[PDB]
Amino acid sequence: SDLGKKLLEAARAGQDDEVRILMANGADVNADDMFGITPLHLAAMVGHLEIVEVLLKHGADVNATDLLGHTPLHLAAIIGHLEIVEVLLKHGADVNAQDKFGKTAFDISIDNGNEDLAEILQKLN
């Protein structure tokens, strides 16, 4: 709870040793804020690869959704962090997941001009 809040803020800030220590001290890897955002959402959004891997190895939900139905993969498509996309998919992220307004990570990629990421995602159908 208190550890959950700290875990969120460490994930957003890219503080990898803080993430590891917080989880060793029992922070819930799947803690969320009142907006439904988890540590894996934040690390995927910002492109913090080592944090994403640590969270996933400790059982972070790759299919977690925020209030808008965005998964970590949706958020990784905003800037287009390829190594993070790859890891999420290797852990079973649903490439076709739709947010509550029907948008996919492909759609987000296109909106951002992430043309190469869009091509990758398209080939996985």
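Numbers follow the displayed sequence, beginning with 1.
Q: Mean CA B-factor: is it higher for 86 to 94 or for 37 to 45?
A: It is 86 to 94 that shows the higher mean C-alpha B-factor.
Q: Compare the mean C-alpha B-factor of 106 to 114 with that of 6 to 14 as given in the PDB entry, and name the stretch with the higher value.
A: Comparing 106 to 114 with 6 to 14, the higher mean C-alpha B-factor belongs to 106 to 114.
Q: What third of its chain, lowest, middle or highest, does the C-alpha temperature factor of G26 fall into?
A: Top third by C-alpha B-factor.
Q: Can you tell me whether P72 has a C-alpha B-factor in the lowest, middle or highest third compared with the other modelled residues of the same chain?
A: Its C-alpha B-factor, which the entry lists for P72, ranks in the lowest third among residues of this chain.
Q: Among all modelled residues of this chain, ranked by Cα B factor, put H58 in the bottom, middle or top third, i.e. lowest, middle or highest.
A: Highest third, going by the recorded CA B-factors of the chain.
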